[PDB]
Every structure is written in C-alpha cells, then in structure tokens.
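[1] Structure for the following, please:
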Amino acid sequence: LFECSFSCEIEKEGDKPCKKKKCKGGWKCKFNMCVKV
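    Residues are numbered from 1 along each chain as shown. For reference, the structure is listed below:
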C-alpha cells in the first residue's frame, strides 16, 4: 500500500486504498488535504 498523497486523515484517496501520510510538523492535515497551520 503506497502512502496517500490526497488523503492525510483517512486511508482513502478515491480510487484505491492507501496508508496514512505524515505531513510536516508546521502543517495541519484537514479532511482530505494538508495545509500550513
């Protein structure tokens, strides 16, 4: 299972399943998109 790029909260990108991706420390993960906090 490759890391999910379009999903940080859930392990679902849209077409296939994926793993949880660890965003940067100064970044905040939202529903399905990581943005700077």
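[2] give me the beta-bridge partners of residue 35?
    The partner list for residue 35 in beta bridges (DSSP bridges) reads residue 28.
[3] mind checking how far it is from residue 1?
    Going from residue 35 to residue 1 by Cβ to Cβ, to the nearest Å gives 24 Å. Backbone N, C-alpha and C define where each C-beta goes, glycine included.
[4] Next: residue 33.
    From residue 33 to residue 1 the distance is 20 Å (Cβ to Cβ).
[5] Give me the more crowded residue out of the two.
    residue 33 (12 against 9; other Cβ atoms under 10 Å).
[6] Hmm, residue 6 and that one touching each other?
    Yes - taking contacts as Cβ atoms under 8 Å, residue 33 lies within contact range of residue 6: 7.3 Å.
[7] measure stretch 11-26 end to end?
    21 Å (Cα to Cα, to the nearest Å).
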